[PDB]
C-alpha cells in the first residue's frame, strides 16, 4: 500500500482477511471474483510484491502458478507490442518499474493486467433465440470491455441480435440507435 501525502506500508491482515471472506466462495477469474478484487486494489494502490502476496492468500498454488504464467505472458506481449504507454525497458522490467510508489501511471497498468491474468485459464458469441436482450447486452459488454466501444456497441447490439428482436429494432428502425434506446424496446 502506497499513501499519497506517496509512502509504502505493508498490508494490514484485517485488510486481507476481509477480502478473502468476501471472495471466499467465488470461482477464479469469474466476474464476481474479478469484481471483488478490483475494489481492494483501488483501496490500497499496491506494489507487484503486494500482488504476489495476494496470489498466495487467495489461490491454490496451482492457480497461483498458472497465474504467474498467464501474467508474464500478458507482460511480454504488452512489452513487445509497445502497447505499454510509457514503458521504457532501459530501467528494468515493468515489475521492476511498477514497484515505485510514485509510478501510479505505470502501476495502474500493471494492476490491469494482473486481473486480466485471472480472466485466463466477443464477435463469436451471439444471442440465443430466447435470451433476453438485456442479458445479451450484458455478455456483450463483458467481452468487449475486456478488449477494445460506443459505435461498436451500438452496432453489435443490433448486428448480433437474434431473429425475434431484430425484427423489433427494425420495427422502430433503431437499428442505428445507441444501445440504450435498443434496450428499452425489447424489454417486452
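Residue numbers count along the first chain shown, from 1.
In this entry, residue 121 and residue 122 are separated by 4 to 9 residues of the deposited sequence that lack coordinates. In the deposited entry, the stretch joining residue 148 to residue 149 is interrupted by 4 to 9 residues of the deposited sequence lacking coordinates.
Looking at 124-132 and 55-63 together, the entry lists the larger mean B-factor for 124-132, computed on C-alpha atoms.
Legend: mean Cα B-factor per stretch from the PDB entry, 12-20 versus 175-183; the higher mean is in 175-183. Comparing C-alpha B-factors across 108, 83, 97, 116 in the deposited entry, the largest value falls on 83. Out of 155, 162, 36, 43, it is 162 whose C-alpha atom has the highest B-factor in the PDB entry. Sort the modelled residues of the chain by CA B factor and residue 137 lands in the highest third.
Ranked against the other modelled residues of its chain, the C-alpha B-factor of residue 30 as given in the entry falls in the middle third. Per the PDB record, residue ranking by Cα B-factor puts residue 143 in the middle third of the chain.
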